[PDB]
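J.: Okay, here's the structure, questions in a sec.
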Amino acid sequence: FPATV
Amino acid sequence: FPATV
Amino acid sequence: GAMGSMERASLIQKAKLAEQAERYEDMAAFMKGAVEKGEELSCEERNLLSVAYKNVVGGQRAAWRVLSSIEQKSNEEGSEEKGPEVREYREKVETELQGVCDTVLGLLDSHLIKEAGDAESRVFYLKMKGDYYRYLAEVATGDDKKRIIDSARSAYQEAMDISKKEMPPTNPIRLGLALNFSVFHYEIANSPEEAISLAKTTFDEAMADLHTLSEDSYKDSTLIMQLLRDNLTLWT
Amino acid sequence: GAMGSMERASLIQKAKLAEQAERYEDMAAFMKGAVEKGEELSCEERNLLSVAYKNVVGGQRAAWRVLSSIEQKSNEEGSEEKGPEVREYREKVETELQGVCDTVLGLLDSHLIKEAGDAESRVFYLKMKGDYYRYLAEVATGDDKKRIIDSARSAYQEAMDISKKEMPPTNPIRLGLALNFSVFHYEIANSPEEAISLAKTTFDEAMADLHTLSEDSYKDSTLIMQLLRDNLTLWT
Ligand SMILES: *CC(=O)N1CCC2(CC1)CC(NC(=O)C1(Nc3ccc(Cl)cc3)CCOCC1)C2
Ligand SMILES: *CC(=O)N1CCC2(CC1)CC(NC(=O)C1(Nc3ccc(Cl)cc3)CCOCC1)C2
Ligand SMILES: [Mg+2]
Ligand SMILES: [Mg+2]
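Now the structure itself:
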């Protein structure tokens, strides 16, 4: 999964 | 903490 | 609300304790109580609210993905019929996730966003609105799926427009919004080129503004820039 | 009970799914439902029940220890008065933990233990009874603390007596019981010498019986023997 904040 | 199962 | 009798300051204190104890459901409930006092949130308090719900929904999303994968495998050719249980339990987790998303969107709509006049607060809440519609979109399969996707897009776009006018390109809120909207494009909107363009342009404009920053601001901004780079590496 | 309408087999299936999803609260609720069907549990089903509640209570214990430490520091000299919040939140977590312990002890008493006639099942349930009284003892400060400690001791002792008569010294249930009763002695009963003696004697008698085992049984037994050694190393 891609990075999110 | 010591090991328990 | 079960937190209606507790002091605002005590709710915030307990949210911080819950964070230390990794009790994120409790943390979220405390922060929900604090929001419902009706006063605007400070920067620190926005962090607590967002951390709490991110952790709760993050766990639910991870569980949903495990169950969805098992369900998908059960529907392949040669897989033995195991009955309705996998679908039922995936639906149970899904419904709980949707409930949390609805709770957060409810707090934003009643009345965090409408009272948020400063760029930092308004962009932060609109980003959250985009995020929780994005999580709804991840699990949506019905008549409203396009509207849910568009609700996320609209919230992110409004946040982007404000951020570009009101915040420097290194502002961590502006960066985190861009990171997440980029992921929305890649994972939800089937727009990988837009995702890549956004991440690249965000990274490059931030790079060019780092010279203006203190050491501590530099650390904060570069941490998020690395996440943009990580995603670009994943996608190219 | 909210699981009263679900098939026993479906509850067990869903417990396994919950385990895969790391949804231990759900796992525990499913297994509680399964127990309440009133049929005896199989070996696999005992594993599921114990895994679920161990993970739930384990998380609660970790949280309680974080909060108790903060509370203890708040009561030292020179610490600023922060009001009742730390005590209140520690109490909240404590009450939830006690609730889970009471739930498990309830399942054991109604009616798992009384129907358990085979050594493996009876020793396993009595060990669980000792464990959940031990967790109650960890947080106890009142009139009943000695009785709670003695309830744990009594359950462990009955399990030990059966295990020594009915099971080989390498049996994983016999080993795990001994490991945990040893920890009870060290941490709860203020009897570190008894704890060390038990762990050592258990380890040595197991060592001498390994020659009788298959490769797979050897792996199972030696895993727990290593835990005994780990504790001995911690304590000596
Ligand atoms: C003043 C104000 O409202 N805020 C500024 C300070 C934060 C909250 C909002 C805390 C800080 N968080 C971060 O830098 C990290 N997470 C994050 C960044 C940006 C956004 Cl939009 C959301 C979350 C902390 C965790 O590692 C990633 C960066 C913004
Ligand atoms: C037949 C029966 O009732 N049982 C035997 C098989 C187990 C459940 C009870 C699973 C097995 N578990 C383990 O070996 C581990 N945990 C554990 C061992 C012993 C006891 Cl008493 C409790 C738990 C698995 C995790 O690593 C440690 C050993 C016993
Ligand atoms: Mg553009
Ligand atoms: Mg002895």
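Chains as they are written, first to last, in the authors' numbering: chain B, 591 to 595; chain B', 591 to 595; chain A, -4 to 231; chain A', -4 to 231. A prime marks a further copy of an entry chain. Positions of the beta carbon are idealized from the N, C-alpha and C atoms, including for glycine.
Do you know offhand how far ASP104 of chain A's Cα is from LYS11 of chain A''s?
T.: Counting from 1 along the third sequence, the entry for residue 104 of chain A is found at position 109. Counting from 1 along the fourth sequence, the entry for residue 11 of chain A' is found at position 16. Between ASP104 of chain A and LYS11 of chain A', the C-alpha separation is close to 38 Å.
J.: Using a Cβ distance threshold of 8 Å, determine whether the segment 153 to 173 of chain A' contacts the segment 113 to 130 of chain A', with at least three qualifying pairs required.
T.: Touching, yes.
J.: Rounded to whole angstroms, what's the CA-CA distance from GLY101 of chain A' to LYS195 of chain A'? Just pull it up for me.
T.: To locate residue 101 of chain A', count along the fourth sequence from 1; it is residue 106. To locate residue 195 of chain A', count along the fourth sequence from 1; it is residue 200. Going by the C-alpha atoms only, they are around 33 Å apart.
J.: Please identify the residue among A':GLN8, A':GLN221, A':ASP199 and A':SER177 whose C-alpha is closest to the C-alpha of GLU189 of chain A'.
T.: Position 194 of the fourth sequence, counting from 1, holds the residue named residue 189 of chain A'. Per the Cα distances, A':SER177.
J.: So, with DSSP's three-state summary, where would you put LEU102 of chain A?
T.: Residue mapping note: residue 102 of chain A aligns to position 107 of the third sequence, counting from 1. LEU102 of chain A: helix per DSSP, three-state reduction.
J.: Where does the unbroken alpha helix (DSSP H) through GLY53 of chain A' begin, and where does it stop?
T.: As a first step, residue 53 of chain A' is located in the fourth sequence; it is residue number 58 there, counting from the start. Taken as a continuous stretch (DSSP letters only), the alpha helix (DSSP H) holding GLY53 of chain A' covers 38 to 69.
J.: Any chance you could list the alpha helix (DSSP H) runs of at least 4 consecutive residues sitting entirely within the segment 167 to 218 of chain A, in chain order?
T.: Taking only runs of at least 4 residues, the alpha helix (DSSP H) segments lying wholly in the segment 167 to 218 of chain A are 167 to 178 and 187 to 202.
J.: Does the Cβ of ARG56 of chain A lie closer than 7 Å to at least one heavy atom of ligand 2?
T.: Translated into the one-based positions of the third sequence, residue 56 of chain A becomes position 61. No; taking the cut-off as 7 Å, the Cβ of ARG56 of chain A has no heavy atom of ligand 2 nearer than that.
J.: So, at 8 Å on beta carbons, what are the nonlocal neighbours of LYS140 of chain A' in its own chain, with the 5 sequence-adjacent residues on each side left out?
T.: Within the fourth sequence, numbered from 1, the residue matching residue 140 of chain A' stands at position 145. Within the same chain, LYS140 of chain A' has close Cβ partners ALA132.
J.: Kindly give me the distance between the Cβ atoms of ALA58 of chain A' and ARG224 of chain A, rounded to whole angstroms, as I take these residues to be in contact under 8 Å.
T.: Locating residue 58 of chain A' in the fourth sequence gives position 63, where the first residue counts as 1. Locating residue 224 of chain A in the third sequence gives position 229, where the first residue counts as 1. No, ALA58 of chain A' and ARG224 of chain A are not in contact; Cβ-Cβ is about 36 Å, not under 8 Å.
J.: Helix or strand or just coil, what does DSSP make of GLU31 of chain A?
T.: As a first step, residue 31 of chain A is located in the third sequence; it is residue number 36 there, counting from the start. Correct three-state label for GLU31 of chain A: coil.
J.: Does DSSP classify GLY112 of chain A as helix, strand or coil?
T.: Along the third sequence, read from residue 1 onward, the residue named residue 112 of chain A stands at position 117. DSSP places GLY112 of chain A in coil when its eight states are reduced to three.
J.: Is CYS96 of chain A' a contact residue of ligand 1, with contact defined as CB to any heavy atom under 7 Å?
T.: Reading the fourth sequence from its first residue, position 101 is the one you call residue 96 of chain A'. It does not: the Cβ of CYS96 of chain A' is nowhere closer than 7 Å to a heavy atom of ligand 1.
J.: Spell out a yes or no on whether the segment 197 to 217 of chain A' and the segment 137 to 155 of chain A' are touching, meaning 3 or more CB-CB pairs, one atom from each, closer than 8 Å.
T.: Flag = no, the segment 197 to 217 of chain A' and the segment 137 to 155 of chain A' do not touch.
J.: On a Cα-Cα basis, can you pick out the residue from A:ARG41, A:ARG129 and A:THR231 that is closest to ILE183 of chain A?
T.: In the third sequence, counting from the first residue as 1, residue 183 of chain A sits at position 188. Residue A:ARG129 is the option with its Cα nearest to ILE183 of chain A.
J.: Chain B' beta carbons: is any one of them nearer than 8 Å to that of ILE219 of chain A'?
T.: The count along the fourth sequence starts at 1 and reaches residue 219 of chain A' at position 224. It does; some Cβ of chain B' falls within 8 Å.
J.: From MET26 of chain A to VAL99 of chain A, what distance separates their C-alpha atoms?
T.: In the third sequence, counting from the first residue as 1, residue 26 of chain A sits at position 31. In the third sequence, counting from the first residue as 1, residue 99 of chain A sits at position 104. In a straight line, the C-alpha of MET26 of chain A is about 11 Å away from that of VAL99 of chain A.
J.: Within 10 angstroms of the Cβ of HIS206 of chain A', are there 16 or more other Cβ atoms? Answer buried if so, exposed if not.
T.: As a position in the fourth sequence, residue 206 of chain A' is number 211, starting the count at 1. By the 10 Å Cβ count, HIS206 of chain A' comes out exposed.
J.: Can you list, in chain order, the residues of its chain whose CB lies under 7 Å from that of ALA154 of chain A, leaving out five sequence neighbours each side?
T.: Walking along the third sequence from the start, residue 154 of chain A turns up at place 159. Contacts found: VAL118, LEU121, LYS122, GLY125 and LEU172.
J.: Using 8 Å as the threshold, is the segment 53 to 70 of chain A in touch with the segment 81 to 101 of chain A, meaning 3 or more CB pairs across them?
T.: Verdict: yes, contact present.
J.: What does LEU43 of chain A touch in chain A' if you count any residue whose Cβ is under 8 Å from its own?
T.: Within the third sequence, numbered from 1, the residue matching residue 43 of chain A stands at position 48. Those within 8 Å of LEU43 of chain A in chain A' number zero; the least Cβ separation is about 15 Å.
J.: At a CB-CB cut-off below 8 Å, which residues of chain A' make contact with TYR213 of chain A?
T.: As a working note, residue 213 of chain A is residue 218 in the third sequence. Ordered by position in chain A', no residue passes the 8 Å Cβ test against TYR213 of chain A, which lies about 32 Å from the chain.
J.: Looking at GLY(-4) of chain A: is its Cβ nearer than 8 Å to the Cβ of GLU34 of chain A?
T.: Counting from one through the third sequence, the residue named residue -4 of chain A turns up at place 1. Counting from one through the third sequence, the residue named residue 34 of chain A turns up at place 39. Their beta carbons are not under 8 Å apart, which means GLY(-4) of chain A does not touch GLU34 of chain A by this criterion.
J.: According to DSSP, is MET26 of chain A' part of a helix, a strand, or is it coil?
T.: Position 31 of the fourth sequence holds residue 26 of chain A'. In the structure shown, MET26 of chain A' sits in a helix (DSSP, three-state: H, G or I).
J.: Quick one: is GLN67 of chain A' near chain A, going by C-beta distance under 8 Å?
T.: Within the fourth sequence, residue 67 of chain A' is the residue found at index 72, counting from 1. Judged by the 8 Å Cβ criterion, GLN67 of chain A' is not in contact with chain A.
J.: Leaving out five residues on either side along the sequence, give the residues of the same chain with a beta carbon under 6 Å from the beta carbon of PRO164 of chain A.
T.: Position 169 of the third sequence, counting from 1, holds the residue named residue 164 of chain A. Contacts found: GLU200, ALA201 and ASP204.
J.: I want to verify the contact list: residues of chain B whose CB lies under 9 Å from the CB of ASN166 of chain A, in sequence order.
T.: What you label residue 166 of chain A is simply residue 171 of the third sequence in a count that begins at 1. Ordered by position in chain B, no residue passes the 9 Å Cβ test against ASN166 of chain A, which lies about 13 Å from the chain.
J.: Report yes if the C-beta of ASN42 of chain A' is less than 7 Å from at least one heavy atom of ligand 2; otherwise report no.
T.: The residue given as residue 42 of chain A' occupies position 47 in the fourth sequence. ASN42 of chain A': yes, Cβ under 7 Å from ligand 2.
J.: I'd like to know if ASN70 of chain A contacts chain B, where contact means its C-beta is closer than 8 Å to some C-beta of that chain.
T.: Along the third sequence, one-based indexing puts residue 70 of chain A at 75. It does not: the Cβ of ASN70 of chain A has no partner Cβ on chain B nearer than 8 Å.
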